[PDB]
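K.L.:
I would like the atomic coordinates for the input below:
(2 chains, ligands or ions: 2)
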Protein chains: 2
Amino acid sequence: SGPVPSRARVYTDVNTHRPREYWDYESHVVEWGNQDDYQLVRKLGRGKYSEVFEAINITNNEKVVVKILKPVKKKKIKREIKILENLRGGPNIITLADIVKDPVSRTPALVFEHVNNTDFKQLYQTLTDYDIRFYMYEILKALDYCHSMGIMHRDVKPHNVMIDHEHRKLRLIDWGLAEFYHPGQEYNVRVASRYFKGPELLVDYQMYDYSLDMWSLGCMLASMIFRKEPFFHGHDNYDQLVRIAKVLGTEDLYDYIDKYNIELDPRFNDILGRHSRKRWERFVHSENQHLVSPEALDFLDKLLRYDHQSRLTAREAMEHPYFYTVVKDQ
Amino acid sequence: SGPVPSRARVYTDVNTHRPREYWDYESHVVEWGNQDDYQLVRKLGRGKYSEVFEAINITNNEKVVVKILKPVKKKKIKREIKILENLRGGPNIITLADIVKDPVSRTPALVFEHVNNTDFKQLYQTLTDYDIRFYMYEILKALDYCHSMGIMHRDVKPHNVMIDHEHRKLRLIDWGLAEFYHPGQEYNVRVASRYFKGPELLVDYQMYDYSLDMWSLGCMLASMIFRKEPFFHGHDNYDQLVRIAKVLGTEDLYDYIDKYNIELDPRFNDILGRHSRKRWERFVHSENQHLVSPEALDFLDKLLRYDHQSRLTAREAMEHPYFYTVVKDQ
Ligand SMILES: O=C1CCc2c(oc3cc(Br)c(O)c(Br)c23)/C1=C/Nc1ccccc1
Ligand SMILES: O=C1CCc2c(oc3cc(Br)c(O)c(Br)c23)/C1=C\Nc1ccccc1
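P.N.:
Numbers count the residues shown, from 1 in each chain, chains lettered A, B, ... in the order given. Ligands and ions are numbered 1, 2, ... in the order given. The coordinates are given below.
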């Protein structure tokens, strides 16, 4: 019969009511800048699609960040450029300062505002209960904005959340996997990091929406309050769903499979088995108890759901009793 | 009430006194040549509307340049062909040698005289103060001629100015966006490059004239004397006007808007703000001081005006004290 279609529960037809050039990124003309305005200082890291350097804008002695793109299809480059321009000025969204062509790579190199990042492998172990709520609220402001703009990030993870802890500043980065949401469109399920892949990606349900980003957020929240990064630490795509099934149970998983008439890879038969839905108190101990609370568990439970339709929206999440103390201080 | 109409203050009724077939390019019959007379040697570049090749005319072993047109409406091809033929023989205007259609592909290919171009990204950095004045005077000879012929280029920019520095030769190219001027006609504002769009294009005033080309010339002149490419470096069409307003001030901008009763896109409200008219000394430093002079700043100021009627004409510009040394050498 085929899989049952699905629509986004919020921001469904926002892109349809936009001018074509808003989401038709293939017809976007890149306005290149002067590459000689930036001198590379040092390399900051290497990804699979780019290399990131710290540079200086010699026109005004500003610290910038140059992301030299590894060779990929120009369609994916135009997509990232168009999304960054559409989201420019949004809350906690990284700002694209300029676009230049690199001398050596002969490749697009995106220039961004600099963010003095604190490594999450060092920051998360020092986060208090209030620090987690504050930053979760800042990520939610960025996610709610880009979702309202008809865009899903599809790669939410601690590495893609730059935090300047001294100034309590946060920027959501790495929009190379972001995509415009269109009702009824079937997307590539091989997106995001394996630890943050939603169940819809693991069971290959291609008609997903913004709710994919909310699952990844729950994975981040679980890692921070339980002091286990990553929380679902799987070896592959199949074992990733098994790690999830050992916590959320298998009864809800097969209900999610029966609801959307998803056909399972037969490999999942011999590895999934039967598992009960575990209570979050199982993962609470003396080292993380100061970060776990009834608010945190209720908020986490409303994010980690098999059914992507039943997850909280970014705006609904911002109105949870978990962020009450954050909102009044803001 | 609607926007206030405007006429060109020079060369207003030149096309009206011409025979219809001079400007009625829709009724122009193309004189095709023999496609077998040209053999392509190598590709020189790719644009959005064409591909440029170096070829040889096997009838006389002449180096030529073949511009194979990408698929566009044949009305626009007739327009470009008609303008090039009307302007053939004019000072510093590229010469259309022949027009051919491929037998199999049926695709237009324009044949031009060859010009050994020096890349402006390598040439401009080696230009002296006198070199800039000399070539600016050569561009003005081409603009004054085509304006007197009732044609506006609508895409003046360094990429469209071929320079053979060894022979002190200059040719204005790429007439695909050029159009005949007719009093009272409203034109498409979606022309030229983002960095060289005049204010009338950014506020959507369709009854513009030759003075649009003069604004683009000021943008070129500013980039060359200040060593800043692009000078008005905007992220989009809206931010482009904001970058202009941060230099020319907002007081003159709203006066220009109130004079012609232009209604602004409400998006401009939250981004324009209030800005003072900056002095040109702000962009002068040790690397460009040998190119900046009281004449250059006075000439640039008389070109970059919001009010298109108050900008210098091409002939008025040629009679500026900036080109005094150039004229006596002629
Ligand atoms: O500060 C920035 C700006 C944005 C950005 C950075 O890395 C990226 C990787 C990708 Br992929 C991407 O799309 C973006 Br945007 C960015 C980044 C890193 N800073 C840093 C790192 C280590 C120590 C101190 C500072
Ligand atoms: O001699 C000509 C004839 C006119 C013309 C030329 O390039 C164009 C590109 C476009 Br787009 C266009 O519309 C036109 Br007309 C032209 C050109 C020479 N270019 C060159 C020379 C050396 C290296 C690289 C490029």
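
K.L.:
element containing residue A:42?
P.N.:
strand A:38-46 (DSSP states H and E).

K.L.:
which residues are contacting that strand?
P.N.:
Under the criterion CB atoms under 8 Å, 6 or more residues apart in numbering or on different chains, residues A:51-58, A:64-66, A:98, A:100, A:111 lie in contact with strand A:38-46. C-beta here means a position set from N, CA and C on the backbone, and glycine is covered the same way.

K.L.:
ok, that strand: who's next to it in the sheet?
P.N.:
Strand pairing for strand A:38-46, determined by DSSP bridges: strand A:50-57 (antiparallel).

K.L.:
what about the strand it pairs with, distance to the chain center?
P.N.:
Computed by CA atoms, centre = their mean, to the nearest Å, the separation of strand A:50-57 from the middle of its chain amounts to 22 Å.

K.L.:
any bit of the next helix or strand after that strand sitting next to ligand 1?
P.N.:
Sequence order places strand A:62-69 as the next helix or strand after strand A:50-57, per DSSP H and E. Yes: against ligand 1, strand A:62-69 shows contacts by CB under 6 Å from any ligand atom at A:65, A:67.

K.L.:
Tell me if strand A:62-69 is near chain B.
P.N.:
No: Strand A:62-69 lies out of reach of chain B by CB under 8 Å from any CB of the partner chain, never closer than 13.6 Å.

K.L.:
can you give me how far that strand is from the chain middle?
P.N.:
On the basis of CA atoms, centre = their mean, strand A:62-69 is displaced by 21 Å from the centre of the chain it belongs to.

K.L.:
How about stretch A:77-84?
P.N.:
When distances are taken as CA atoms, centre = their mean, stretch A:77-84 is centred 16 Å away from the chain's centroid.

K.L.:
So what touches that stretch?
P.N.:
The contact list for stretch A:77-84, computed with CB under 8 Å, 6+ apart, reads A:23, A:25-26, A:28, A:30, A:69, A:94, A:96, A:99, A:108, A:110, A:151, A:175-176, A:178-180.

K.L.:
could you flag which of the residues you listed are buried?
P.N.:
Among the contacts of stretch A:77-84, those scoring as buried are A:23, A:25, A:69, A:94, A:96, A:99, A:108, A:110, A:151, A:175-176, A:178-180 (criterion: 16 or more other CB atoms under 10 Å in any protein chain shown).

K.L.:
Restricted to helices, list those.
P.N.:
Mapping those onto helices (DSSP state H) picks out residue A:23.

K.L.:
And the buried ones among the contacts of stretch A:77-84, which is closest to ligand 1?
P.N.:
residue A:94 (4.2 Å; CB to the nearest ligand atom).

K.L.:
quick one, helices of chain A?
P.N.:
Going by DSSP H, chain A shows helices at A:20-23, A:74-86, A:120-123, A:129-148, A:199-202, A:211-226, A:237-248, A:251-259, A:269-272, A:294-303, A:314-318, A:324-329.

K.L.:
need the ones you listed in CSV with distance to residue B:136, can you?
P.N.:
Output for these, formatted as CSV (distance: least, CB to CB, whole Å):
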stretch, distance to residue B:136
helix A:20-23, 35
helix A:74-86, 33
helix A:120-123, 54
helix A:129-148, 46
helix A:199-202, 58
helix A:211-226, 53
helix A:237-248, 62
helix A:251-259, 69
helix A:269-272, 74
helix A:294-303, 62
helix A:314-318, 54
helix A:324-329, 59
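
K.L.:
Looking at these, which is nearest to ligand 2?
P.N.:
Ligand 2 lies closest, by CB to the nearest ligand atom, to one member of the helices of chain A: helix A:74-86, at 19.5 Å.

K.L.:
Now do the closest one against strand A:50-57: the angle between them, please.
P.N.:
50 degrees (axes from the mean of the first three to the mean of the last three CA atoms, to 10 degrees).

K.L.:
hmm, helix A:74-86 touching ligand 1?
P.N.:
No: using CB under 6 Å from any ligand atom, helix A:74-86 stays clear of ligand 1, coming no nearer than 7.8 Å.

K.L.:
For the nearest residue to residue A:6 once chain neighbours are set aside, what are phi and psi?
P.N.:
Of all residues not flanking residue A:6 in the chain, residue A:207 sits nearest, at 4.9 Å (CB to CB, 6 or more residues apart in numbering or on different chains). Dihedral pair for residue A:207: phi -90, psi 60, per degrees, to the nearest 10.

K.L.:
I figured residue A:207 hits residue A:184, correct?
P.N.:
Yes: using CB atoms under 8 Å as the test, residue A:207 is close enough to residue A:184 to be in contact (7.0 Å).

K.L.:
which residues are in contact with both of these two?
P.N.:
Residues touching both residue A:207 and residue A:184 (CB under 8 Å, 6+ apart): residue A:5.

K.L.:
what about the two, which has more around it?
P.N.:
Using other CB atoms under 10 Å in any protein chain shown as the criterion, residue A:207 and residue A:184 rank with residue A:207 on top: 18 against 8.

K.L.:
thinking again about what came up before, for residue B:211, find the nearest of the helices of chain A.
P.N.:
When the helices of chain A are compared by CB to CB, helix A:20-23 sits nearest residue B:211, at 28.0 Å.

K.L.:
mind listing what's buried in that closest one?
P.N.:
When burial is assessed from 16+ other CB under 10 Å, helix A:20-23 yields the following buried residues: A:22-23.

K.L.:
mind exporting that helix as CSV, just the C-alpha atoms?
P.N.:
Output of helix A:20-23 as CSV, limited to C-alpha atoms (Å, rounded to 0.1, in the frame of the first residue of the first chain):
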residue,chain,number,x,y,z
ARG,A,20,9.8,31.4,-5.7
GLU,A,21,13.4,32.8,-5.3
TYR,A,22,13.1,32.3,-1.5
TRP,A,23,13.3,28.5,-1.7
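
K.L.:
when you scan that helix, is anything in it near chain B?
P.N.:
No: Helix A:20-23 stays clear of chain B (CB under 8 Å from any CB), getting no nearer than 10.7 Å.

K.L.:
just checking, what packs against that helix?
P.N.:
If you count contacts as 3 or more CB pairs under 8 Å, 6 or more residues apart in numbering or on different chains; DSSP states H and E, helix A:20-23 packs onto no helix or strand.

K.L.:
what's in contact with that helix?
P.N.:
A:15, A:27-28, A:82, A:86, A:150, A:180, A:182.

K.L.:
Could you export these as a markdown table, including distance to ligand 2?
P.N.:
Shown next, in a markdown table, are these (distance: CB to the nearest ligand atom, whole Å):
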| residue | distance to ligand 2 |
| --- | --- |
| A:15 | 33 |
| A:27 | 19 |
| A:28 | 19 |
| A:82 | 24 |
| A:86 | 29 |
| A:150 | 35 |
| A:180 | 31 |
| A:182 | 35 |
